[PDB]
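Here is input.cif, consisting of mmCIF, C-alpha atoms:
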data_model
#
loop_
_atom_site.label_atom_id
_atom_site.label_comp_id
_atom_site.auth_asym_id
_atom_site.auth_seq_id
_atom_site.Cartn_x
_atom_site.Cartn_y
_atom_site.Cartn_z
CA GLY Q 1 71.79 -131.06 1.58
CA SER Q 2 71.46 -129.91 5.23
CA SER Q 3 70.81 -126.13 5.61
CA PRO Q 4 70.86 -124.19 9.01
CA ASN Q 5 67.27 -123.34 10.15
CA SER Q 6 66.16 -120.09 11.92
CA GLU Q 7 67.03 -120.26 15.68
CA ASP Q 8 63.70 -119.32 17.40
CA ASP Q 9 62.58 -115.67 16.83
CA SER Q 10 64.33 -112.29 17.41
CA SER Q 11 62.64 -109.72 19.70
CA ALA Q 12 62.77 -105.86 19.57
CA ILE Q 13 62.66 -102.86 21.99
CA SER Q 14 61.66 -99.16 21.93
CA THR Q 15 61.13 -96.08 24.20
CA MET Q 16 58.46 -93.28 24.43
CA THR Q 17 59.32 -89.56 25.02
CA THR Q 18 57.12 -86.81 26.61
CA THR Q 19 57.46 -83.00 27.01
CA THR Q 20 55.67 -80.18 28.96
CA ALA Q 21 55.43 -76.34 28.65
CA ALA Q 22 55.15 -73.87 31.61
CA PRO Q 23 53.63 -70.26 31.79
CA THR Q 24 56.00 -67.24 32.17
CA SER Q 25 54.98 -64.33 34.46
CA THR Q 26 55.77 -60.86 32.97
CA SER Q 27 54.54 -57.54 34.49
CA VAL Q 28 55.27 -53.85 33.62
CA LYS Q 29 55.59 -51.04 36.22
CA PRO Q 30 54.07 -47.46 35.66
CA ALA Q 31 56.40 -44.56 34.59
CA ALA Q 32 57.15 -41.38 36.66
CA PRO Q 33 56.66 -37.78 35.17
CA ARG Q 34 59.87 -35.63 35.35
CA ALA Q 35 59.42 -31.81 35.09
CA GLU Q 36 56.58 -29.56 33.82
CA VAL Q 37 56.71 -26.06 32.29
CA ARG Q 38 53.85 -23.51 32.50
CA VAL Q 39 53.62 -20.17 30.61
CA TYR Q 40 51.99 -17.44 32.76
CA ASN Q 41 51.03 -14.21 30.98
CA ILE Q 42 50.57 -11.53 33.67
CA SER Q 43 48.53 -8.93 31.64
CA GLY Q 44 47.28 -11.09 28.71
CA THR Q 45 48.62 -10.48 25.15
CA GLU Q 46 49.21 -12.38 21.80
CA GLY Q 47 49.56 -16.22 21.66
CA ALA Q 48 53.32 -15.69 20.81
CA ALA Q 49 53.73 -16.16 24.61
CA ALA Q 50 51.94 -19.58 24.53
CA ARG Q 51 53.95 -20.43 21.34
CA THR Q 52 56.97 -21.11 23.64
CA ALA Q 53 54.93 -23.94 25.32
CA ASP Q 54 53.81 -25.39 21.92
CA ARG Q 55 57.29 -25.89 20.44
CA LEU Q 56 58.52 -27.13 23.85
CA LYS Q 57 56.03 -30.01 24.38
CA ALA Q 58 56.66 -30.99 20.71
CA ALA Q 59 60.44 -31.00 21.58
CA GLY Q 60 59.67 -33.78 24.15
CA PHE Q 61 58.84 -32.08 27.50
CA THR Q 62 56.33 -33.46 30.02
CA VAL Q 63 53.54 -30.82 30.47
CA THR Q 64 53.35 -27.30 28.94
CA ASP Q 65 50.32 -25.46 30.47
CA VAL Q 66 49.49 -21.78 29.58
CA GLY Q 67 47.34 -19.44 31.72
CA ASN Q 68 46.91 -15.72 32.55
CA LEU Q 69 48.03 -15.06 36.18
CA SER Q 70 49.20 -11.94 38.06
CA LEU Q 71 52.74 -12.71 39.36
CA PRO Q 72 53.41 -9.88 41.96
CA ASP Q 73 57.05 -11.06 42.28
CA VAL Q 74 57.98 -10.23 38.61
CA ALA Q 75 58.15 -6.71 37.05
CA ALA Q 76 59.58 -7.74 33.61
CA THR Q 77 59.19 -10.61 31.08
CA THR Q 78 61.04 -13.38 32.98
CA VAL Q 79 61.47 -17.13 32.38
CA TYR Q 80 61.90 -18.88 35.77
CA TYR Q 81 63.36 -22.32 36.54
CA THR Q 82 64.23 -24.47 39.54
CA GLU Q 83 67.43 -26.65 39.65
CA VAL Q 84 65.76 -30.02 40.48
CA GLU Q 85 67.31 -32.71 38.19
CA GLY Q 86 67.92 -30.28 35.27
CA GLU Q 87 64.85 -27.96 35.08
CA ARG Q 88 67.31 -25.10 34.44
CA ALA Q 89 67.90 -26.49 30.89
CA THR Q 90 64.30 -26.06 29.60
CA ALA Q 91 63.83 -22.43 30.86
CA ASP Q 92 67.40 -21.59 29.65
CA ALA Q 93 66.19 -22.60 26.14
CA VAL Q 94 62.73 -20.91 26.38
CA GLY Q 95 64.22 -17.68 27.77
CA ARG Q 96 65.99 -17.42 24.40
CA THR Q 97 62.84 -18.58 22.45
CA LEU Q 98 60.80 -15.73 24.01
CA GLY Q 99 63.75 -13.31 24.40
CA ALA Q 100 63.26 -12.62 28.14
CA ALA Q 101 65.26 -12.27 31.41
CA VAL Q 102 66.05 -15.89 32.48
CA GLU Q 103 66.21 -16.36 36.27
CA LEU Q 104 66.97 -19.08 38.87
CA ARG Q 105 64.85 -20.37 41.81
CA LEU Q 106 64.82 -16.73 43.17
CA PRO Q 107 60.95 -16.28 42.43
CA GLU Q 108 60.64 -19.65 44.32
CA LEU Q 109 60.99 -17.76 47.67
CA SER Q 110 59.02 -14.72 46.41
CA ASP Q 111 55.85 -16.52 45.15
CA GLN Q 112 56.68 -20.30 45.05
CA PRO Q 113 55.77 -21.12 41.34
CA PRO Q 114 55.23 -24.85 40.22
CA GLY Q 115 58.29 -26.43 38.45
CA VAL Q 116 59.37 -24.10 35.60
CA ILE Q 117 57.27 -21.05 34.56
CA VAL Q 118 57.51 -18.62 31.62
CA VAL Q 119 56.20 -15.18 32.69
CA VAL Q 120 55.45 -12.72 29.89
CA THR Q 121 54.68 -9.02 30.60
CA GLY Q 122 52.32 -7.19 28.21
#
Can the structure in the file be given as structure tokens, please?
Amino acid sequence: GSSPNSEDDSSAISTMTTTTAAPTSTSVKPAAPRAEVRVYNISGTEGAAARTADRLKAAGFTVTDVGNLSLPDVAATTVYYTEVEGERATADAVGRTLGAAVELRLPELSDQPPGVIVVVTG
């Protein structure tokens, strides 16, 4: 007999999604060198003097430069430091490496040496 017929027609809906990326600005700033050591041999002798610089730079110190220079302020094998930041630490170690008289910023007034110096007499 009589059967119910389809009403009209059913509709449908939907949505659409979008996205966007954005660039990130990242910059790095240059580093600042701390404290340098420099081995001065006053008379010129064996490289055992420069050996203090070698082990030191390999220990993780900034610059270790070796040259022959007449220090008129020293009269004995002397490892000099200044007390800026902690420069006393490196020369306190090297003074024992070389086996020399370790001294404060006293040669600083006498001659004015750069940073920390290791003076060896020969």
Original post:
Quick one, how far is atom CA of residue 104 of chain Q from atom CA of residue 52 of chain Q?
Top reply: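 A separation of 18.3 Å between them.
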**OP:** Starting from the shown file, work through the PyMOL selection byres ((chain Q and resi 78-90) around 12) and note down what comes out as a VMD selection string.
**Re:** chain Q and resid 34 to 42 49 52 to 53 55 to 57 59 to 64 71 73 to 77 91 to 122
Original post:
Rounded to one decimal in Å, what is the spacing between atom CA of residue 31 of chain Q and atom CA of residue 67 of chain Q?
Top reply: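 So the answer is 26.9 Å.
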Original post:
What is the atom CA of residue 65 of chain Q to atom CA of residue 30 of chain Q distance in Å?
Top reply: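 Taking atom CA of residue 65 of chain Q and atom CA of residue 30 of chain Q, their separation equals 22.9 Å.
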As an mmCIF file, in the frame of the given file, could you write out segment 5-36 of chain Q once it has been completed with N, CA and C atoms?
data_model
loop_
_atom_site.group_PDB
_atom_site.id
_atom_site.type_symbol
_atom_site.label_atom_id
_atom_site.label_comp_id
_atom_site.auth_asym_id
_atom_site.auth_seq_id
_atom_site.Cartn_x
_atom_site.Cartn_y
_atom_site.Cartn_z
ATOM 1 N N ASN Q 5 68.627 -123.882 9.980
ATOM 2 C CA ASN Q 5 67.270 -123.340 10.150
ATOM 3 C C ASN Q 5 67.300 -122.175 11.150
ATOM 4 N N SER Q 6 66.318 -121.260 11.033
ATOM 5 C CA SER Q 6 66.160 -120.090 11.920
ATOM 6 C C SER Q 6 66.063 -120.523 13.397
ATOM 7 N N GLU Q 7 66.839 -119.853 14.275
ATOM 8 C CA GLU Q 7 67.030 -120.260 15.680
ATOM 9 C C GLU Q 7 65.684 -120.426 16.431
ATOM 10 N N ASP Q 8 65.069 -119.311 16.857
ATOM 11 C CA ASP Q 8 63.700 -119.320 17.400
ATOM 12 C C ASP Q 8 62.902 -118.154 16.780
ATOM 13 N N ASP Q 9 63.209 -116.937 17.256
ATOM 14 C CA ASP Q 9 62.580 -115.670 16.830
ATOM 15 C C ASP Q 9 63.273 -114.520 17.569
ATOM 16 N N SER Q 10 63.659 -113.470 16.835
ATOM 17 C CA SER Q 10 64.330 -112.290 17.410
ATOM 18 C C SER Q 10 63.293 -111.270 17.889
ATOM 19 N N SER Q 11 63.509 -110.730 19.095
ATOM 20 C CA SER Q 11 62.640 -109.720 19.700
ATOM 21 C C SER Q 11 63.167 -108.300 19.374
ATOM 22 N N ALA Q 12 62.440 -107.272 19.829
ATOM 23 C CA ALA Q 12 62.770 -105.860 19.570
ATOM 24 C C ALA Q 12 62.342 -105.003 20.761
ATOM 25 N N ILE Q 13 62.976 -103.828 20.911
ATOM 26 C CA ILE Q 13 62.660 -102.860 21.990
ATOM 27 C C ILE Q 13 62.421 -101.466 21.401
ATOM 28 N N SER Q 14 61.938 -100.565 22.267
ATOM 29 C CA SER Q 14 61.660 -99.160 21.930
ATOM 30 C C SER Q 14 61.489 -98.344 23.229
ATOM 31 N N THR Q 15 61.411 -97.011 23.089
ATOM 32 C CA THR Q 15 61.130 -96.080 24.200
ATOM 33 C C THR Q 15 60.096 -95.032 23.729
ATOM 34 N N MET Q 16 59.474 -94.327 24.694
ATOM 35 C CA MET Q 16 58.460 -93.280 24.430
ATOM 36 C C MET Q 16 58.873 -91.998 25.175
ATOM 37 N N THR Q 17 58.853 -90.852 24.475
ATOM 38 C CA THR Q 17 59.320 -89.560 25.020
ATOM 39 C C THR Q 17 58.126 -88.598 25.200
ATOM 40 N N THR Q 18 58.150 -87.822 26.296
ATOM 41 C CA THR Q 18 57.120 -86.810 26.610
ATOM 42 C C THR Q 18 57.785 -85.447 26.884
ATOM 43 N N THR Q 19 57.003 -84.372 26.747
ATOM 44 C CA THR Q 19 57.460 -83.000 27.010
ATOM 45 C C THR Q 19 56.306 -82.194 27.645
ATOM 46 N N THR Q 20 56.646 -81.054 28.276
ATOM 47 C CA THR Q 20 55.670 -80.180 28.960
ATOM 48 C C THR Q 20 56.135 -78.711 28.890
ATOM 49 N N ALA Q 21 55.190 -77.797 28.618
ATOM 50 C CA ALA Q 21 55.430 -76.340 28.650
ATOM 51 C C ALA Q 21 55.029 -75.781 30.035
ATOM 52 N N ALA Q 22 55.452 -74.544 30.329
ATOM 53 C CA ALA Q 22 55.150 -73.870 31.610
ATOM 54 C C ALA Q 22 54.968 -72.351 31.372
ATOM 55 N N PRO Q 23 53.925 -71.699 31.994
ATOM 56 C CA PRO Q 23 53.630 -70.260 31.790
ATOM 57 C C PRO Q 23 54.690 -69.330 32.435
ATOM 58 N N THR Q 24 55.047 -68.260 31.714
ATOM 59 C CA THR Q 24 56.000 -67.240 32.170
ATOM 60 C C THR Q 24 55.250 -65.990 32.644
ATOM 61 N N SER Q 25 55.565 -65.539 33.862
ATOM 62 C CA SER Q 25 54.980 -64.330 34.460
ATOM 63 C C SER Q 25 55.817 -63.099 34.048
ATOM 64 N N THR Q 26 55.160 -62.124 33.397
ATOM 65 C CA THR Q 26 55.770 -60.860 32.970
ATOM 66 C C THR Q 26 54.815 -59.700 33.299
ATOM 67 N N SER Q 27 55.313 -58.715 34.060
ATOM 68 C CA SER Q 27 54.540 -57.540 34.490
ATOM 69 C C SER Q 27 55.356 -56.260 34.233
ATOM 70 N N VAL Q 28 54.657 -55.169 33.878
ATOM 71 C CA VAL Q 28 55.270 -53.850 33.620
ATOM 72 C C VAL Q 28 54.836 -52.856 34.709
ATOM 73 N N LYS Q 29 55.784 -52.014 35.142
ATOM 74 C CA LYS Q 29 55.590 -51.040 36.220
ATOM 75 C C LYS Q 29 55.351 -49.634 35.617
ATOM 76 N N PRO Q 30 54.358 -48.835 36.150
ATOM 77 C CA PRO Q 30 54.070 -47.460 35.660
ATOM 78 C C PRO Q 30 55.296 -46.513 35.672
ATOM 79 N N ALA Q 31 55.322 -45.557 34.725
ATOM 80 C CA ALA Q 31 56.400 -44.560 34.590
ATOM 81 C C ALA Q 31 56.146 -43.335 35.495
ATOM 82 N N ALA Q 32 57.206 -42.549 35.759
ATOM 83 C CA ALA Q 32 57.150 -41.380 36.660
ATOM 84 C C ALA Q 32 57.437 -40.076 35.871
ATOM 85 N N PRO Q 33 56.485 -39.076 35.873
ATOM 86 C CA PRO Q 33 56.660 -37.780 35.170
ATOM 87 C C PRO Q 33 57.817 -36.952 35.784
ATOM 88 N N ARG Q 34 58.663 -36.359 34.920
ATOM 89 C CA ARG Q 34 59.870 -35.630 35.350
ATOM 90 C C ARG Q 34 59.530 -34.193 35.774
ATOM 91 N N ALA Q 35 59.489 -33.257 34.809
ATOM 92 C CA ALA Q 35 59.420 -31.810 35.090
ATOM 93 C C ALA Q 35 58.472 -31.132 34.105
ATOM 94 N N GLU Q 36 57.565 -30.296 34.632
ATOM 95 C CA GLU Q 36 56.580 -29.560 33.820
ATOM 96 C C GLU Q 36 56.969 -28.084 33.697
#
